[PDB]
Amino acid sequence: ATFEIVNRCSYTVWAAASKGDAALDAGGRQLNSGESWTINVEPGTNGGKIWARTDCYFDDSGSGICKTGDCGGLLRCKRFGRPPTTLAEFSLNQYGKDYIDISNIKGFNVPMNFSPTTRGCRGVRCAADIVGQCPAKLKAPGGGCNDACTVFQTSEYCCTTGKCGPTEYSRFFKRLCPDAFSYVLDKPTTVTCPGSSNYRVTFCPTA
């Protein structure tokens, strides 16, 4: 499957793509404002994620630090990034179907649109100013808006027992972005697409 990753933000982001135990394609790349990066993701990929990282510094060796979404100090991510990270999530060719979603379960750092470039399903988007509106206790100094599980580490926020309800904090994410997961047991906003669809992830889709 082909993913075009487009940075429409006015600032540089460092895109990342991983399935948790391995990079997807190169795993990461600098994207200046306006730049697009096309990656190939192998069919059948389960649990892939794409996200943006902000305010990164890397050296010759691709080692460094990002203020949001850092994946163990590497330019080319092999693991998932440190919250807060708006997440484009996907599982491809699962019994003839692709499944895509945007999740705020790990917080929010950059607005995002996640859309197919082929026929047969809708895209999803979380483009509200969640950082600007972020509740005081969830604001991350590095930038972005943490989820409540990351901040407070309780069974209720992290849904550790498999039973949990919405919270004041999850409802904030849900109010601004109804089409993204706001907590683990949120009513699914997953979109079902034809197997082997192609996609575009756009950072800052509106502004």
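When you see a residue number, it is the position in the sequence shown, counting from 1.
Comparing 119-127 with 106-114, the stretch with the higher mean C-alpha B-factor in the PDB entry is 119-127. For the two regions 173-181 and 57-65, the entry's Cα B-factors average higher over 57-65.
Ranked by C-alpha B-factor against the other modelled residues of its chain, residue 163 falls in the highest third. Residue 94 sits in the highest third of its chain by CA B factor, as recorded in the PDB entry. For residue 9, the recorded CA temperature factor ranks within the lowest third of the chain's modelled residues. The PDB entry assigns residue 34 a C-alpha temperature factor belonging to the lowest third of its chain's modelled residues.
Residue 72: CA B factor lies in the highest third for its chain, per the PDB record.
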